[PDB]
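Enquirer: model this:
(7 chains)
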Amino acid sequence: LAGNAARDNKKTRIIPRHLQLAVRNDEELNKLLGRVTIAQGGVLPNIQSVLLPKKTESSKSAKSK
Amino acid sequence: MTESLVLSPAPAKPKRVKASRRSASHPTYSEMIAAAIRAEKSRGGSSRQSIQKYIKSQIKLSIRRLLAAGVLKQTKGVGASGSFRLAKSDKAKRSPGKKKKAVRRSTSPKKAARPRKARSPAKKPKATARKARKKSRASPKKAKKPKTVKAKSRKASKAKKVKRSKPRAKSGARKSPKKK
Amino acid sequence: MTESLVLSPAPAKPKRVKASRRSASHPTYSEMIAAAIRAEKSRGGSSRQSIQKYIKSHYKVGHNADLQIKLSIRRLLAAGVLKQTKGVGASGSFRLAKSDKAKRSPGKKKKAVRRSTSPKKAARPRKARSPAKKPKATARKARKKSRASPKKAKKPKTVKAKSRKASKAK
Amino acid sequence: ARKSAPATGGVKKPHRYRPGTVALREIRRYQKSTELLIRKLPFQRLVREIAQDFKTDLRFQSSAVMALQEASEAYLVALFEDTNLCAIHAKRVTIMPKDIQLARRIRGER
Amino acid sequence: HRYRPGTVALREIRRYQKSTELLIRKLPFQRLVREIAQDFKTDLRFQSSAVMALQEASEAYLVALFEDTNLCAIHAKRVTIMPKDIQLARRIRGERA
Amino acid sequence: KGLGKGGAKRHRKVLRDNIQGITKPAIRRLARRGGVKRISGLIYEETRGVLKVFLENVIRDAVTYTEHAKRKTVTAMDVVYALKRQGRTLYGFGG
Amino acid sequence: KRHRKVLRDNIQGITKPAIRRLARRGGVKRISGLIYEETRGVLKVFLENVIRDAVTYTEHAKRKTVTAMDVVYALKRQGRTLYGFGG
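Expert: Numbering: from 1, shown residues only, chains lettered A, B, ... in the order given. There you are, the coordinates:
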C-alpha cells in the first residue's frame, strides 16, 4: 500500500510521507498502529467544508456586499 | 482608484445633479441619508425599504462605510424593520431603557436603598420611603397617612424646598427618552 | 450627600430653567461634549478652548461649572463614547469613538467648494462687476443676481442635457 | 490608465485575497510536505530549560531533541484536529479559546 | 400541580448522582448480550457475573460520554444535547477508532 | 381508555425487542445520571447505536477469551480483560 | 558555570508564524490573540509530563545525556509513540 502511494506521488522511494499515506486512508490499517507518531509524516488533506464559503464570494444578502 | 477615477465620470455626467448652489441635492456616499434621518417621523428608526423610498429623488456597503466614519448609532430589534438613525446625541446613557420595568434615574431610588442597606432591613433591590426603616412590615391604605401628617407638621419652608428640588428630575426625565 | 441633590440645585435652578428645556432651546448636560465633537471639524477638539467656545452660550455658569465640566467628562469614556490621540500643537484631542479602530494615524480628506465662487469671475467680463470680491462667504452673495439654472433648479435640479433642450422646445 | 493595482495609497481595494483564501493556499502546502515548523534551536533551549529544574548534570542528544520535537509537533497538530472540529460545531472558524477547554477536558489530560 | 419543563430535571440530577442502581432493565440486557455473542459463537453460556459486569461498563461508558456531551452543549449556546455533540465527543475521545 | 386503543403490544421477544428494550425513560436516567437538562429527540436512536458499538467491541474479546479456555460459560474474568485492554478497567469483579 | 539557579527566566518565545503554520496545518484559518499564550502553555504542559518519565529513566541508568531510546520508553508510556527514533 505504501508503494502505491509512492506512484501517485511520482517518487519511487518511499519517503516517510509515503509511509504516512496508506496508514490513515484505510481504517483497518488505522485501527492497528493508530496511537502512533510517524517520523516526518505529513498530515492528510483533511479540510472541513465550512472553510470554503463560495456563494459568489459576496454577502449572503442580495448583490455583492 | 479606477472605481473613483473612471466611474467618477458617473457623478460628472449624472442626469440628477448634486452638491450645487443651494441644498438642492445631497452629496453622493455622504450626507445623502442625513436629511431623511433628521426628518425621521418614526420610533426606533427607519427600515431598508423605507430608505429605498427616501433615496428616490451599494446601500449595505454605504451603511458600513458610514459606520466606519462614525455618524450612525441605532438600536437592536427583530420585529421592527431596519431601525436606522444617525447621531443626534440627546442622551448617551439610556440605562433603564424602560420595557415595563425600570428605575427612576436609578440614583434617587439608590439613594433611598442606601439607608435600607445601612440599617436593619438590608433589603434586596427594592427602595422606599423612610418610614419602612421604622416598620419594615407595612401596607397600603395605612403607610401613607403618616406621611401626610408629617407634611402637615413640617413647615412652609420645607414644603417650598420640596416643590423646588426635584424639578431637576423633571428636567432630567426628558433627557434619556428624548420624548414622552 | 445632601449637597449634590438638595442644596446645590436650588441656586442653579434659574440657570437650568434658562438652559435646555422641552422647547429644544439648548443641548443637555452630558451632550455638550458631543456638540463640541460634531462642531469641531478638526483633527481633535481642544481640551479647554474649544469646549469653552462651544459652551459660550447661556447655561449653568458660576455654579462651579469649571469643575463640573471635568466631573462630567470623567464619566463619558466608560461606554466607548470618546477617545484621544497624540499631538504636539493641540491643547486637546477629544474625538468621537467610533469604528475607525480608534488607533489610526492622521490622513487627509476634505470636501468643500471653491469654484462655487468662480462664476462671478465669469459674469465679471460678461454681465457686471457688483461684488468687488468681498462677499465670498456662504450667507453672502445671496442678494440676488445669484442663479445657476432654469426653473427646475429650485426643484430637484437636472444637468439638463440635450434631452432637456427638446423638452423645452416642446 | 494607471492605478487599481497591488499598489494602493488612500485608495479602494478590489476586495481580492479575502480572509480564507490565504489559509486555503497555505493548508494545501503545509499538509503536502513533511517539515518541522517550530525552529530547532529555541526548542532545544526550551527542552534544556525545563529539564534543568527537575535535575542538573543533564544533557540531550541531537536525536533526543528531534524526537521530542516531532512528538510535540504531532501532539499540537492532532490537538488542532480536534479543536477545529469544535469550532464548526459552534458555527465558527475562529478557533477561539473556548475550544481548547473542551478538547482537553474530554480526554483524560486536564 | 403541573411541573414546568426543567423543574423536575434539576431534582432528578441531584437524586441519581447519590444513588447506586443500574439504569438498564435487566431482562432486555440479557437478551441483547446473548444475541450479539450468538453470531460470533453459536454454542455459548453466560454467567450472571459477566452480565452484571457488562452492564456496569456499558452504563458507565455512556454516563461518562453524557458528561462530555453535556460539556459539548455548554460550548454552544444550547442547553439541549443533539447528535452533533455525541459524534463530536466520540471523535475527540477517540471512540471512533 | 379501554383495551389497547392503539400502540398496544403483546409480542415479547421472538427475535425482537433486544435493543429496543432501552426505552426513552431508560435513556433519560442515564442522561440524568451524567447530568443533563434537555435532550433532543434524535438522541434516543443514537444512544442505542452507541451502546451497541461499545458492547460489540468488549464482547468480541470476551468470546475469544472463552474459546481459548475450552469452555462454554462466559465469566466476569473474561469481560474485565477486554475492558482492561481498552482502558475501561472495571474493579469489583476480581473474586 | 552553574550561575543559573532559578527558573523564573523564560526562554520559551515560540514564534507566531510557527503557531500559524502549525494551526494552518490542522485546518485553522482565524487565530485570535489569546490563542498564542495558551498554545505555548499546552506545549509546556505536554513537555513537562513527558520529560518526567525521561529524567526517571535517565537517573535509573546513571546517565548524563538523554538518549533517543529513553525518549521512546517515556513516549510509549504516555500513549504517544514515535517510530524511527528507537527500538
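
Enquirer: how about the strands in chain D?
Expert: Counting by DSSP state E, one finds strands in chain D at the ranges D:59-60.

Enquirer: for the residue of chain B at minimum distance from chain C, give me its contacts.
Expert: Scanning chain B for the residue nearest chain C gives residue B:70, at 2.9 Å (criterion: Cβ to the nearest Cβ). From N, CA and C alone the C-beta is placed, and that goes for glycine too. Contacts for residue B:70 (Cβ atoms under 8 Å, 6 or more residues apart in numbering or on different chains) come out as B:87, C:96, C:98, C:99, C:100.

Enquirer: same thing but 6 Å
Expert: C:96, C:98 (Cβ atoms under 6 Å, 6 or more residues apart in numbering or on different chains).

Enquirer: residue D:45 too?
Expert: So residue D:45 contacts residue G:11 (Cβ under 6 Å, 6+ apart).

Enquirer: so how far is residue G:85 from it?
Expert: Residue D:45 sits 20 Å away from residue G:85, going by Cβ to Cβ, to the nearest Å.

Enquirer: kindly report the same for residue B:136.
Expert: Taking Cβ to Cβ, one finds residue B:136 at 76 Å from residue G:85.

Enquirer: where exactly do the strands run in chain A?
Expert: A:36-37.

Enquirer: for it, list the residues in contact with chain E, please.
Expert: residue A:34 (Cβ under 6 Å from any Cβ of the partner chain).

Enquirer: okay, now residue D:85: neighbour count?
Expert: Counted by other Cβ atoms under 10 Å in any protein chain shown, the residues lying close to residue D:85 total 19.

Enquirer: on that earlier part again, residue B:136 and residue G:85: which is more packed in?
Expert: Taking other Cβ under 10 Å, residue B:136 and residue G:85 do not tie; residue G:85 has more neighbours (21 against 13).

Enquirer: that one against residue D:67, yeah?
Expert: Yes: applying Cβ atoms under 6 Å, one finds residue G:85 in contact with residue D:67, separated by 4.0 Å.

Enquirer: now do the shared contacts for those two.
Expert: residue G:68.

Enquirer: how about residue B:86: what's its closest non-neighbour residue?
Expert: residue B:37 (4.4 Å; Cβ to Cβ, 6 or more residues apart in numbering or on different chains).

Enquirer: which residues are in contact with the helix or strand containing that neighbour?
Expert: Residue B:37 belongs to helix B:34-38 when assigned by DSSP states H and E. Helix B:34-38 is contacted by residues B:54, B:85, B:86 when judged by Cβ under 6 Å, 6+ apart.

Enquirer: just the ones in helices from those, please.
Expert: Using DSSP state H, the subset of the contacts of helix B:34-38 located in helices is residue B:54.

Enquirer: any chance of JSON lines for the contacts of helix B:34-38, columns neighbour count?
Expert: Formatted as JSON lines, those follow (neighbours: other Cβ atoms under 10 Å in any protein chain shown):
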{"residue": "B:54", "neighbour count": "15"}
{"residue": "B:85", "neighbour count": "17"}
{"residue": "B:86", "neighbour count": "18"}
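
Enquirer: Throw the contacts of helix B:34-38 into CSV and include distance to residue G:20, thanks.
Expert: Shown next, in CSV, are these (distance: Cβ to Cβ, whole Å):
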residue, distance to residue G:20
B:54, 46
B:85, 41
B:86, 40
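
Enquirer: wait, which of the contacts of helix B:34-38 is closest to chain F?
Expert: Of those, the one sitting nearest to chain F (Cβ to the nearest Cβ) turns out to be residue B:85, at 38.9 Å.

Enquirer: the closest one reaches residue B:44, doesn't it?
Expert: No: if you go by Cβ under 6 Å, residue B:85 and residue B:44 don't touch, sitting 7.9 Å apart.

Enquirer: now for residue B:3, how many residues are close by?
Expert: Around residue B:3 there are 13 residues (other Cβ under 10 Å).

Enquirer: give me phi/psi at the nearest residue to it once chain neighbours are set aside?
Expert: The shortest distance from residue B:3 to any non-neighbouring residue, by Cβ to Cβ, 6+ apart, is to residue D:12 (5.2 Å). Per-residue torsions, residue D:12: phi -60, psi 130 (degrees, to the nearest 10).

Enquirer: just residue F:39 next, same as before
Expert: phi -130, psi 140.

Enquirer: scan chain F for its longest helix.
Expert: Under DSSP H, chain F gives helix F:43-68 as its longest helix.

Enquirer: can you tell me if that one touches chain E.
Expert: Yes: contact of helix F:43-68 with chain E (Cβ under 6 Å from any Cβ) involves F:46, F:51, F:54, F:55, F:56, F:59, F:63.

Enquirer: which one of these is nearest chain B?
Expert: Nearest member of the residues of helix F:43-68 next to chain E to chain B, counting by Cβ to the nearest Cβ, is residue F:46, at 33.0 Å.

Enquirer: which residues touch the closest one?
Expert: Residue F:46 neighbours (Cβ under 6 Å, 6+ apart): E:83, E:86.

Enquirer: check residue F:42 too.
Expert: residue E:83.

Enquirer: cool, residue B:44 as well?
Expert: So residue B:44 contacts B:75, B:80, B:83 (Cβ under 6 Å, 6+ apart).

Enquirer: now the buried members of these.
Expert: Among the contacts of residue B:44, those classed as buried by 16 or more other Cβ atoms under 10 Å in any protein chain shown are residue B:83.

Enquirer: which of the contacts of residue B:44 are close to chain D?
Expert: By Cβ under 6 Å from any Cβ, no member of the contacts of residue B:44 lies near chain D.

Enquirer: would CSV of the contacts of residue B:44 with distance to chain A and secondary structure be doable?
Expert: Shown next, in CSV, are these (distance: Cβ to the nearest Cβ, whole Å; DSSP: H, G, I helix; E, B strand; the rest coil):
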residue, distance to chain A, secondary structure
B:75, 20, coil
B:80, 18, coil
B:83, 16, coil
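
Enquirer: and which of the contacts of residue B:44 is nearest to chain E?
Expert: residue B:75 (22.4 Å).

Enquirer: residues touching the residue nearest to that closest one when sequence neighbours are not counted, list them.
Expert: Distances taken as Cβ to Cβ, 6+ apart place residue B:83 nearest to residue B:75, at 5.1 Å, with adjacent residues excluded. Counting by Cβ under 6 Å, 6+ apart, residue B:83 makes contact with B:44, B:45, B:74, B:75, B:77.

Enquirer: reformat those residues into TSV and put secondary structure next to each item.
Expert: Output for the contacts of residue B:83, formatted as TSV (DSSP: H, G, I helix; E, B strand; the rest coil):
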residue	secondary structure
B:44	coil
B:45	coil
B:74	coil
B:75	coil
B:77	coil
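
Enquirer: reformat the residues you listed as a markdown table; add distance to residue D:17.
Expert: A markdown table is the format used below for the contacts of residue B:83 (distance: Cβ to Cβ, whole Å):
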| residue | distance to residue D:17 |
| --- | --- |
| B:44 | 39 |
| B:45 | 35 |
| B:74 | 31 |
| B:75 | 35 |
| B:77 | 36 |
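
Enquirer: of those residues, just say which sits nearest to chain D.
Expert: residue B:77 (22.4 Å).

Enquirer: how much space between the closest residue to chain C within chain A and chain G?
Expert: Taking Cβ to the nearest Cβ as the measure, chain A has residue A:65 as its residue closest to chain C, at 16.4 Å. According to Cβ to the nearest Cβ, to the nearest Å, residue A:65 and chain G sit 20 Å apart.

Enquirer: what about that residue, how many residues nearby?
Expert: Neighbour tally, residue A:65, other Cβ under 10 Å: 14.

Enquirer: many thanks, have a good one.
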